[PDB]
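Notes to accompany the following structure.
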């Protein structure tokens, strides 16, 4: 008793087996990808993952959270513990099972992508450039000037930008006959067409770098998050009109729309791609690429 590996495998590996490599993975606050909810009285997540949100994008805070999670102190408060579940959690679990690495995932304080602000990068790009975060396996659109500061991995899902407008009540029901970026009514507000986008996102930076003259309305109509904007659009007072975002993020919102008003129309344009940020000088990039290729070939990711 004590020397046998099966009898001793209670809190450690089988027999001097290399445990999961502790990595720093970060995710967003988007509900279609990770549904932020509360924990039970025991402080665990049976269906979701033990994701922590400190309400701040501080490197020391996440360092302390990872130091407390590795040890058995369990000093995290009750209301700080969250249960994240969705596509990102399942993908991270599959990657951890197929590559044997630690699936510790924390919630970023800001909850957005992070565009060029104050002459630097915020959100996830700032954490990737600082050196704290090691992987960025989540919804992350590849921008023009953003893919040159960090090494994006192979996009697991070829996403695109999709216009999300409401069906104006008219004798058939009419709507916004938009064709895409080349549409004339998209650049100039057609009869006071309010422009709205996600704050500190890739599409926002793309619009600011392409045509900054129409970015004032988008900056003044910054929404806190995607579900908040969806709920504001579904509300009776029509405050915003344009909700251009990724197609995969808005598909879940259109599917659960009980009002049959929000829908994604228009031809697929501006292929962004859900990239994965990863700092250079890392041998795990090839393994992640091979795993993504295997998932796309087998079809289990779909």
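Taking the square roots of five times each eigenvalue of the Cα gyration tensor of segment 139-217, the equivalent ellipsoid has semi-axes of 29, 16, 10 Å, listed largest first. The alpha carbons of segment 91-226 stretch over 59, 37, 25 Å along the principal axes, in descending order. Would you please classify the overall shape of segment 233-302 from the alpha carbon gyration tensor, given that a ≥ b ≥ c denote the square roots of the eigenvalues, rounded means a/c under 1.5, and beyond that prolate means a/b larger than b/c while oblate covers the rest? Note, shape of segment 233-302 comes out prolate.
To the nearest whole percent, what portion of all C-alpha pairs in segment 24-117 is separated by more than 15 angstrom? In whole percent, the long-distance tail amounts to 61. Ordering 286, 68 from the fewest to the most neighbouring beta carbons within 10 Å gives 286, 68. Segment 83-105 and segment 194-217 have Cα centres lying 32 Å from one another. In units of the rule-of-thumb radius 2.2 N^0.38 Å, the chain shows an alpha carbon radius of gyration of 1.11. Based on DSSP, what percent of beta bridges with both residues in the chain are antiparallel, to the nearest 5? Of the beta bridges lying entirely in the chain, close to 75 percent run antiparallel.
How big is D for segment 56-170, in µm² s⁻¹ as a whole number, if Stokes-Einstein is applied with the Kirkwood radius of its Cα pairs at 37 °C and 0.692 mPa s? For the chosen part, D equals 195 µm²/s. Derived from the Cα gyration tensor, the three semi-axes of the equivalent ellipsoid of segment 155-302 are 31, 19, 14 Å, largest first. Extent of segment 1-77 along its three principal axes (Cα atoms, max minus min coordinate, largest first): 47, 27, 24 Å. Summarising the strand pairing of segment 1-114, around 50 percent of its internal DSSP beta bridges are antiparallel.
As a convention, Cβ positions derive from the backbone with ideal geometry for all residues, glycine included, and neighbour counts pool all protein chains shown. Coordinate-derived values only; no laboratory data.
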